[PDB]
Amino acid sequence: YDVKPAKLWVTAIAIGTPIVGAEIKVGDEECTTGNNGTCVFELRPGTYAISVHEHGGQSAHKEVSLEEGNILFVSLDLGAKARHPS
Amino acid sequence: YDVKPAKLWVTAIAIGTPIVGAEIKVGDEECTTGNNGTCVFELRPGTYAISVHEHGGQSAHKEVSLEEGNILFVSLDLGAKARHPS
Amino acid sequence: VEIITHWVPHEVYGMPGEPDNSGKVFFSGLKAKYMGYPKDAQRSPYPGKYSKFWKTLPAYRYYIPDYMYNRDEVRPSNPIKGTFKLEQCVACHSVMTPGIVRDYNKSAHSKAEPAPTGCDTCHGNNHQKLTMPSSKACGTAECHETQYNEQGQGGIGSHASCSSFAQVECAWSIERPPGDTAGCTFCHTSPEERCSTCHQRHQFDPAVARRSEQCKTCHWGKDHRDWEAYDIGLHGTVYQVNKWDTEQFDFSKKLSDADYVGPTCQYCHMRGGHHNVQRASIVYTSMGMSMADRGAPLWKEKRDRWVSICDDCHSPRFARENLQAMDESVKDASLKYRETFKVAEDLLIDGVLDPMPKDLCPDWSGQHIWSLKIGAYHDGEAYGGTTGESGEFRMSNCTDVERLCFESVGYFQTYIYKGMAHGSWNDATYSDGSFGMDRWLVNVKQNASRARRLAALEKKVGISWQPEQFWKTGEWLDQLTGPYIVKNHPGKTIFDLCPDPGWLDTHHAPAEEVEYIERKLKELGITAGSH
Amino acid sequence: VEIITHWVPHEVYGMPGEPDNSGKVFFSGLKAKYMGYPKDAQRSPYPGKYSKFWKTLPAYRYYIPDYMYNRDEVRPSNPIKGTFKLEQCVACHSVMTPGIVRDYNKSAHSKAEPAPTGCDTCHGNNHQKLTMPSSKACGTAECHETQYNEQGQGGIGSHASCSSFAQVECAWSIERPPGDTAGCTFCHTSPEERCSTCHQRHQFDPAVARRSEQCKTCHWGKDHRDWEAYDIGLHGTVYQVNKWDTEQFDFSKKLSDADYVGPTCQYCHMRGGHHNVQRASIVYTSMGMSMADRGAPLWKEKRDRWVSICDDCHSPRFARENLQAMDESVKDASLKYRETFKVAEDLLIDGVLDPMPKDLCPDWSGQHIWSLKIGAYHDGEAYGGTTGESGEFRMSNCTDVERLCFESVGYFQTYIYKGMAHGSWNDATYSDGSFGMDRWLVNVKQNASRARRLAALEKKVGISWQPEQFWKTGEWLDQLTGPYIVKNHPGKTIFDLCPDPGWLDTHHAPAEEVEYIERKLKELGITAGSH
Ligand code: HEC
Ligand code: HEC
Ligand code: HEC
Ligand code: HEC
Ligand code: HEC
Ligand code: HEC
Ligand code: HEC
Ligand code: HEC
Ligand code: HEC
Ligand code: HEC
Ligand code: HEC
Ligand code: HEC
Ligand code: HEC
Ligand code: HEC
Ligand SMILES: [K+]
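Residues numbered from 1 in each chain as written, not as in the entry; some residues may be left out. Chains lettered and ligands numbered in written order. Part of a larger assembly, values for the part shown. Heavy atoms only, no water.

*Asks:* Quick question: what am I supposed to make of the sheet that holds strand β4 (residues 29-32) of chain A here?
*Replies:* To summarise the sheet geometry, strands pair through backbone hydrogen bonds and adopt either a parallel or an antiparallel arrangement. Residues and elements named next belong to chain A. One open sheet holds the 4 strands; their spatial order is β4-β3-β6-β7, and the pairing between them is antiparallel. At either margin of the open sheet sits one strand with a lone partner, and together these are β4 and β7 (58-66). When the angles between neighbouring strand axes are averaged without regard to direction, this sheet yields 15 degrees. In terms of strand pairing, strand β3 (residues 23-26) meets β4 through 4 bridges, oriented antiparallel. Each bridged residue has a counterpart across the sheet, and for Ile24 the counterpart in β4 is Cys31. (Pairing = 2+ DSSP bridges. Helix = DSSP H or I, 4+ residues; strand = E, 2+ residues; numbered from the N terminus. Axes fitted to C-alpha atoms, helices over the stretch in contact; angles between N-to-C directions.)

The following block contains the structure:
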């Protein structure tokens with residue numbers, strides 16, 4: 001029997017615009033966002049802590065409980081202070 | 001072997017409009033233009049002189065040396081003096 | 001929506017006084033120094049009466065090709081040298097200009113025997129002495145003389161004269177910088193000069209030429225909603241719904257055998273495949289701006305012919321009476337315009353028009369003749385010009401009252417004629433038709449009222465109104481022919497400076513047309529008209 | 001046509017003073033008490049700099065979904081509970097929303113192996129935690145990163161910025177009640193935010209996306225007749241005649257292999273299937289309202305690239321010279337507008353403009369800056385605002401002269417650029433093109449004349465004209481941002497109240513663009529511009 005892993009999308013926003021180069025921590029996994037501002041994680045069932053950090057000093061946190069074969073998109077806005085020139 | 005003739009298009013105009021009635025002679029073959037205002041000649045390769053004579057006493061002259069199997073369109077604008085009512 | 005002055009690198013922002021042809025961005029197009037068209041650019045002069053004042057662009061070479069391309073003095077340079085066989089044209093261009101060869105290979109010209117009508121047949125063998133084939137080239141006795149002669153049967157305002165008369169002697173085109181009216185060259189010259197019209201090069205497919213949409217590219221817009229009227233009418237509805245159903249519309253059939261459910265432009269205007277598109281026309285009415293009762297006994301035989309075409313899918317009576325309705329709409333439209341014109345004419349006669357023609361920029365001719373003056377109807381000091389001479393009919397460089405009058409007869413009235421003729425009921429009414437003229441009549445009356453109220457106030461208070469400077473001069477106005485003639489040739493007009501005979505001098509109405517009218521006027525006992 | 005006040009039961013007739021949101025019929029929309037948009041309705045705030053003043057409707061949630069739908073704080077309620085397998089999505093929705101499932105089943109997404117891209121892949125498994133997939137969702141590295149990155153290469157005025165800049169910081173949208181400009185949200189956000197653009201959900205067919213008509217839904221109308229110009233031009237004529245003939249147009253082919261008889265929007269703008277639709281653009285000219293000679297040596301390489309595209313079916317020369325004609329039309333158009341603007345500017349400087357900006361309702365910013373003021377060109381007391389600051393360019397809340405100027409450059413001028421670029425000769429001339437600007441110039445001059453004549457009369461008679469109350473206040477005007485800021489935040493502007501960095505602060509021109517311009521200006525020896 002194969003336990004189908006959960007798929008978690010995490011999008012980092014700064015009042016509408018995607019944050020580039022933000023680091024998203026979900027469980028033990030790390031992802032540094034590209035132009036999307038979106039990281040996709042494939043995770044085993046369980047409860048996880050999502051944390052989005054960006055070099056400006058702004059952070060967003062959300063705790064998520066994932067079942068078997070769950071697909072969830074998470075959208076976290078870090079406010080206007082997370083918007084940096086170029 | 002067949003010496004493929006050269007096709008000579010001679011268009012008589014009077015600052016735009018085609019001159020009807022105007023006659024064109026090249027070599028021995030004598031053409032006289034209709035409403036179209038053009039004469040299609042088929043000539044043996046060589047050098048030929050083109051003359052465009054009119055009833056209204058206005059002419060244009062030119063000379064062409066046609067090789068084998070040439071197609072050349074010639075446009076000769078005789079001017080406003082080669083333009084009579086109706 | 002803003003005039004965006006950011007993001008784009010500053011290095012490319014144009015600053016006041018800099019040339020417009022530098023390639024720099026001028027915000028809202030302001031503050032640039034007008035350099036004008038490239039007069040050093042290798043090109044051809046335009047043909048015809050007004051050659052001297054006809055400013056041209058390189059692109060124009062293609063549009064009247066016999067004069068503007070094919071003469072040795074004018075033919076443009078070409079980087080490819082040599083004289084070639086047909087095989088060579090095809091092979092090289094198959095890669096260099098792929099689409100042209102793709103089209104050519106599909107064409108009947110390529111398949112023709114014993115010898116194909118190849119690139120060389122239409123363009124020549126010598127790549128340094130290439131030519132662009134005009135209608136004259138296609139219409140040679142050996143080739144398509146039939147279609148050339150058919151088209152050439154057309155009178156004024158037909159495909160036979162749309163270049164030589166309408167465009168070559170186009171007032172506005174001559175008057176303005178080239179590019180202002182570049183589109184006019186590209187549109188007008190085609191039907192008369194280039195047979196790639198309707199059946200596109202290089203495929204030359206009669207099947208595609210039989211489609212209604214072919215005409216839309218020219219027969220649309222502000223001053224002739226031919227396409228729009230047809231398209232939205234029930235004929236156009238039938239067409240759009242059925243055109244790709246081969247059981248309803250078979251474009252492979254010749255027009256003589258056309259058995260469509262509904263008519264196409266070609267079905268009516270090119271009956272039997274005749275290339276004189278004006279063949280069935282009753283009388284030329286200057287785009288429908290001039291008025292005629294086409295249903296009058298004078299034109300009985302010509303209207304009957306139209307009923308013969310509608311007869312195909314309707315009772316004579318139904319068609320007869322529907323076209324009679326058109327006649328009535330046309331007459332009622334001119335009734336409105338006569339009222340509209342009266343208001344405008346009264347402003348001129350009373351001298352309260354703001355401003356009077358004398359205070360406007362000189363017209364294309366270099367004169368101060370009233371815009372709306374029709375030489376055949378108007379004569380007097382107030383109108384200007386010699387006896388029988390008309391003004392420059394325009395929507396530009398005039399008063400609002402003059403402009404709105406132009407719009408009423410030159411746009412809205414044409415929507416009524418073309419609308420009713422093609423079965424577009426809304427084009428003749430709500431959609432800038434009858435009710436368009438209504439709206440403009442109100443607009444004219446209001447403008448007349450305001451101008452008269454100001455003149456009355458200024459008289460009583462003792463102000464003599466000095467017409468503003470912008471009526472006389474301005475950045476665009478200064479570039480026109482009018483100011484140039486007044487300055488550089490003081491005593492004379494454009495007609496003096498261009499003494500050559502025009503199109504009208506060498507082209508007359510056919511003998512049969514005069515013969516018909518004279519016969520019918522005698523038959524009915526109506527007085528003949530004047531010059 | 002009447003305002004019909006009968007037949008419909010009286011019980012539902014709205015009487016003066018009653019709420020407009022009661023659902024009662026108010027004849028001609030009169031006498032109702034304006035209640036405004038439902039601010040209690042569960043919805044999302046708009047993102048961006050002006051979030052605080054951005055009034056939103058529930059419907060907007062879909063249009064910028066990452067911020068406006070996908071956040072837990074905002075996600076709307078749903079009557080269906082549970083987390084489901086893909087089978088369950090399809091089975092339930094096959095009946096509940098049949099068309100979506102019909103589309104999905106046709107899509108390649110459903111057929112994909114080893115696992116399909118199913119409803120759950122794009123929307124989520126938990127029906128209480130559903131999400132709407134943005135361009136970011138499609139553009140994940142595992143999926144369609146290529147197309148996302150391609151589109152994202154676009155600069156200002158591209159599909160990459162049409163939401164984030166143009167719409168999120170849209171002056172008029174912010175200024176007005178929502179619904180006044182609801183259509184702007186629905187149109188602008190799509191290309192940037194939703195990849196269901198061009199290839200519709202849920203079928204996502206590239207074959208349908210390759211059709212010209214796809215672009216028409218946004219690229220039409222008053223300020224960009226892109227579709228109209230293409231459609232009526234010979235390219236559009238060829239298209240309409242041949243588009244359902246598979247031998248002429250094969251939409252199954254990829255754009256790299258496109259061998260059509262005539263071009264599509266995609267053929268030119270999405271060359272090779274590249275998703276940056278602006279890739280081939282020469283320079284951003286603010287919808288063509290700003291002016292540039294694109295044929296100038298500065299832009300030689302960029303124009304050459306366009307000739308390379310036309311090369312497919314034309315000689316380089318023919319294409320080069322045709323686009324040169326466009327350049328000339330563009331330059332001649334701005335010549336006219338400069339004359340038009342001068343008339344308007346003179347009214348302001350002479351202070352006889354009726355009325356002056358100070359007597360109009362405050363602009364969106366809460367200021368009385370002149371509508372037509374361009375900060376880069378205009379500075380002075382008469383213009384208003386700080387140095388370098390522009391006015392709110394608008395067709396609303398202004399004088400006729402201001403309005404007609406906006407219309408001339410913002411509508412008619414664009415018809416000339418787009419018209420000439422796409423081969424619509426009438427769009428550049430008769431159909432509100434060159435001759436549109438002509439008509440408006442006359443209209444501006446007349447309005448200037450009248451205003452000056454009144455001012456002169458009032459001086460001599462000793463009347464100091466008090467601008468009417470309706471310039472300042474009115475039922476609609478009172479609902480705008482201007483009056484609110486003046487009343488509630490007296491000393492400050494909207495820029496003070498929204499201090500956050502804007503789009504322009506974080507987004508700059510690409511390095512290669514600046515590098516090219518600097519190289520070319522040095523190569524030709526032209527002075528660089530200013531801020
Ligand atoms: C542009 C290249 C055109 C296409 C394609 C078609 N027509 Fe045309 N047509 C065109 C012009 C410029 C003119 C006359 C201009 C002038 O000198 O006044 C015409 C004329 C006609 C007419 C006669 C109108 C009149 O007032 O007598 C008709 C009836 C007509 N055209 C019909 C027509 C049809 C049916 C076409 C499609 C097959 C068509 N035209 C193509 C320009 C162009
Ligand atoms: C092939 C797919 C084409 C591309 C790419 C472009 N054009 Fe085209 N054009 C094409 C056809 C088949 C036609 C119809 C030819 C006819 O006989 O009418 C055209 C037409 C034009 C025209 C108008 C026709 C004329 O006056 O000669 C113009 C002005 C034109 N084409 C220019 C043009 C330019 C500038 C292009 C690049 C941007 C371009 N075309 C692309 C086929 C194709
Ligand atoms: C549009 C208004 C056209 C213009 C301008 C020209 N042609 Fe045409 N042509 C047109 C149609 C609709 C058709 C099909 C008519 C039919 O009979 O069904 C044609 C057909 C031709 C043909 C084929 C002749 C035949 O066997 O039926 C030729 C050879 C042809 N046309 C030539 C031609 C030339 C030389 C033109 C310039 C003067 C020309 N055409 C103009 C529509 C239009
Ligand atoms: C048959 C039902 C028609 C179709 C299809 C189209 N038109 Fe027509 N057109 C038709 C009539 C009966 C008339 C009035 C002629 C008259 O004087 O009684 C017209 C008028 C025109 C004109 C004006 C011609 C003139 O002499 O002034 C033009 C230029 C014209 N139509 C063009 C045209 C085009 C381009 C069409 C296709 C879209 C078209 N017509 C359709 C009859 C019919
Ligand atoms: C009933 C189902 C019908 C049959 C069978 C036929 N026609 Fe008809 N016809 C029908 C309607 C509803 C109308 C419209 C009447 C109106 O008031 O406008 C018509 C119209 C005609 C007309 C006149 C209109 C026109 O297009 O010219 C004619 C001349 C006509 N019908 C003839 C006709 C003939 C010959 C039929 C037999 C083949 C025929 N109709 C069948 C409804 C019906
Ligand atoms: C609406 C949803 C659109 C569709 C469908 C297409 N386009 Fe678009 N396009 C749209 C907007 C709102 C914008 C820019 C707005 C702004 O921020 O200024 C654009 C932009 C373009 C451009 C660039 C224009 C410029 O000034 O640089 C091009 C060349 C363009 N669009 C072309 C285009 C084509 C070819 C399309 C069909 C495949 C198309 N667009 C679809 C809105 C929408
Ligand atoms: C199926 C036959 C439909 C019915 C019935 C209605 N709509 Fe539709 N709509 C449908 C499709 C296939 C599309 C294209 C989807 C895309 O990706 O663009 C649409 C589009 C819309 C839109 C615009 C697209 C968007 O912004 O999301 C709107 C606003 C819309 N539809 C609303 C709508 C409404 C209110 C309807 C009832 C009156 C309606 N649609 C009917 C398919 C179908
Ligand atoms: C219209 C302007 C479009 C927008 C906005 C987006 N796409 Fe598109 N897409 C478009 C066309 C005309 C085509 C076919 C192009 C071709 O190469 O022939 C496509 C194609 C795709 C594809 C298929 C890729 C392929 O194998 O060729 C994908 C996967 C795709 N597009 C995705 C995509 C995404 C993710 C978008 C949002 C950012 C998007 N497209 C926008 C037209 C348009
Ligand atoms: C090829 C022949 C084209 C087709 C088909 C379409 N367009 Fe185009 N477009 C073309 C050119 C050569 C230009 C001018 C570009 C320049 O700066 O020289 C344009 C212009 C536009 C623009 C403006 C882009 C800008 O940079 O400002 C837009 C937005 C645009 N075109 C859109 C567009 C659409 C939607 C089309 C389909 C209907 C379309 N174009 C057809 C060439 C061609
Ligand atoms: C006669 C039936 C032709 C044959 C055979 C070929 N072409 Fe042609 N071509 C023809 C015409 C009537 C025109 C329009 C001329 C004008 O004055 O506008 C053309 C035009 C061209 C052009 C320039 C226009 C353009 O689209 O760029 C080129 C470069 C051209 N033709 C090339 C060409 C080639 C390579 C051919 C052989 C395959 C060919 N043409 C065949 C008429 C005819
Ligand atoms: C080699 C490659 C060839 C050969 C053998 C022929 N042609 Fe051409 N032709 C060629 C090029 C690269 C160009 C474009 C030149 C440019 O504009 O930069 C052309 C152009 C034409 C044209 C258009 C002329 C114009 O722009 O005004 C025509 C009408 C043309 N060629 C016709 C033609 C014919 C009839 C040939 C056979 C005899 C032929 N070409 C040969 C490239 C090549
Ligand atoms: C011989 C030919 C016939 C026969 C046997 C029938 N019809 Fe007619 N019909 C005929 C002509 C020549 C005309 C046109 C008359 C004209 O307008 O000049 C008609 C007309 C009609 C109409 C239209 C009446 C109208 O215009 O208002 C209808 C509706 C009609 N015909 C119907 C019809 C029916 C039902 C017949 C069989 C019983 C019938 N016709 C016979 C020619 C002929
Ligand atoms: C209607 C308006 C609107 C509603 C009010 C809003 C806020 C916008 C925003 C803009 C802006 C800003 C631009 C940039 C140009 C400028 O001069 O300020 C404008 C561009 C525009 C185009 C691009 C055309 C080009 O660049 O050649 C397109 C395709 C637009 C179309 C939408 C439209 C969809 C049918 C509606 C509604 C509006 N616009 Fe816009 N927009 N827009 N626009
Ligand atoms: C042109 C006019 C017209 C010619 C003058 C006449 C007499 C009418 C009559 C009316 C009336 C009355 C109505 C009812 C509305 C009102 O406010 O008075 C009007 C409606 C109308 C519609 C309905 C649209 C809707 O209700 O949403 C339609 C489809 C109309 C179209 C015709 C039209 C055909 C192309 C032409 C011509 C006219 N109308 Fe009308 N009409 N109409 N109309
Ligand atoms: K018949």
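*Asks:* Got a minute to help me understand the site of ligand 2 in this structure?
*Replies:* Taken together, 19 residues lie around ligand 2, and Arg194 of chain C together with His235, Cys310, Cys313 and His314 of chain D are the ones closest in. With respect to ligand 2, the side chain of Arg201 of chain C contributes an N or O atom lying 3.0 Å from an oxygen atom. Between ligand 2 and the protein, one listed contact pairs a nitrogen atom with a side-chain N or O atom of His235 of chain D at 2.8 Å. Contributions of two or more residues to the shell around ligand 2 are made by α12 (234-242), α14 (300-310) and α15 (316-349) of chain D. Among the residues making up the shell around ligand 2, the classes are represented as 11 nonpolar, 6 polar and 2 charged. (Near = heavy atom within 4 Å. Polar contact = N/O pair within 3.5 Å; in protein donor to acceptor, adjacent residues only side chain to side chain. Nonpolar A, V, L, I, M, F, W, Y, C, P; charged D, E, K, R; others polar.)

*Asks:* Before we go on, may I ask you to explain the pattern of salt bridges in this structure?
*Replies:* Side chains carrying opposite charge are able to pair once their charged atoms draw close together. Taken as a whole, this structure holds 76 salt bridges over all chains when the rule is applied. In this structure, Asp259 of chain C and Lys253 of chain C form a salt bridge, with 3.2 Å as the shortest nitrogen-oxygen distance. Judged by its relative accessible area of 52%, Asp259 of chain C falls in the exposed class. Take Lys253 of chain C: its relative accessible area is 29%, and that puts it in the partly exposed class. When the shortest N-O distance is used, the salt bridge between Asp312 of chain C and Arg271 of chain C registers 2.6 Å. One end of the pair, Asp312 of chain C, is in the loop between α14 (300-310) and α15 (316-349); the other, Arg271 of chain C, is in the loop between α13 (265-269) and α14, and 41 residues separate them in sequence. Relative accessible area serves as the criterion here: at 37%, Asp312 of chain C is assigned to the partly exposed category. One network of salt bridges, in which partners are shared, links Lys222, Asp400, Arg403 and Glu407 of chain C together with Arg225, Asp427, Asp432 and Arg439 of chain D. (Salt bridge = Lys/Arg side-chain N within 4 Å of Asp/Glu carboxyl O. Buried < 20%, exposed > 50% of the residue type's maximum accessible area, 1.4 Å probe, protein only.)

*Asks:* Is there a simple way to explain the UniProt feature "binding site: heme c 6" in chain C in this structure?
*Replies:* All names here are of chain C. Feature annotation in UniProt places "binding site: heme c 6" on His159, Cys215, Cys218 and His219, given in this structure's numbering. Sequence-wise these annotated residues cover 61 residues; spatially they are packed, their C-alpha atoms never more than 12.1 Å apart. Within the secondary structure layout, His159 lies in the loop between α7 (145-152) and α8 (171-175). Its relative accessible area of 19% is what places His159 among the buried residues. Sequence-distant contacts of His159, defined by excluding residues within four places in its chain, comprise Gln151, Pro191, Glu192, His219 and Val277. As for its placement among the helices and strands, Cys218 is situated in the loop between α10 (206-209) and α11 (226-232). When residues no more than four places from it in sequence are discounted, the contact partners of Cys218 are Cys187 and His224. (UniProt positions renumbered as here; feature names shortened; annotations may be inferred. Contact = heavy atoms within 4.5 Å.)

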